[PDB]
Amino acid sequence: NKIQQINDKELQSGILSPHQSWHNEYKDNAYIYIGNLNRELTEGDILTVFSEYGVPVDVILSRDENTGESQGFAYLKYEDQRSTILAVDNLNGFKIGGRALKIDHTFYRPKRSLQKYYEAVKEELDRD
RNA sequence: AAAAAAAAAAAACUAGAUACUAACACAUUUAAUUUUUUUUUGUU
């Protein structure tokens, strides 16, 4: 609802196409921070809603090291960037499980401690 | 024929009739800043 507020102003002025859009600030970014998730949505189900706008190559769900349950945020890289422009913009503020999730562009830095979780995820997304 | 040493209207209630006052106020108002509220939970 922070970002959703921008695009309405932006569009209203007829900004139209990325050169003048704030989405142009990125261009080298693909991963999207996916916030305010419900707790029971897992990687496969976050890999349901987000293929509407593109083809995901990677995904990471943030979850506590001990109990292994959702922190409530994920990082999902689309194959073709412009999906990011599309997902952030179009799907932000949308309800799943009662709570309206947040998306925004992100620069994502991998962490050693999950290293195996990368191949374990990749191998499934490497199937396609 | 005379001198008459100067004061009367109401009030209340309820409705109705009509003037009027106060340079009263009348389209601007939005670039620092508080309605910005949630069971904390956004990662070298």
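Quick note: the coordinates plus some simple rules give every number you see, no bench work behind them. Every residue, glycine as well, gets a Cβ built from its backbone with ideal geometry; the counts of neighbours run over all protein chains shown.
Worth a mention:
- Each listed q (0.13, 0.20, 0.21, 0.26 Å⁻¹) maps to a log10 I(q)/I(0) for the range A:7-71, found by the Debye formula over equal Cα scatterers with no solvent: -0.55, -0.93, -0.97, -1.14.
- Near A:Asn36, the amide H atoms lying under 5 Å from its own belong to A:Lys102; only residues 5 or more places off or on other chains count, and H is placed 1.01 Å from N.
- When each of the peptides A:65-73, A:37-45 is scored by how many other beta carbons lie within 10 Å of its residues on average, the order from highest to lowest is A:37-45, A:65-73.
- Note, ³J(HN,Hα) from phi for the range A:58-72, Karplus 6.51, -1.76, 1.60, rounded to Hz, x at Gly and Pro: 10, 7, 9, 9, 8, 8, 4, 4, 7, 6, x, 10, 4, 5, x
- Over chain A, the reciprocal of the mean inverse Cα-Cα separation, the Kirkwood hydrodynamic radius, stands at 15.4 Å.
- Peptides ranked, highest mean first, by Cβ atoms within 10 Å: ranges A:56-63, A:121-128: A:56-63, A:121-128
- Inter-centroid distance (Cα atoms) of the range A:77-123 relative to the range A:5-60, Å: 8 Å
- In a simple Cβ point-charge model (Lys, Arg +1; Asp, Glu -1; nothing else charged), the range A:49-110 has a dipole of about 180 debye relative to its Cα centre.
- About the Cα centre, charge dipole magnitude for chain A (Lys/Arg +1, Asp/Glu -1 at Cβ), debye: 420 debye
- Taking every C-alpha pair closer than 8 Å and separated by at least 6 residues, the mean separation divided by the residue count of chain A gives a relative contact order of 32 percent.
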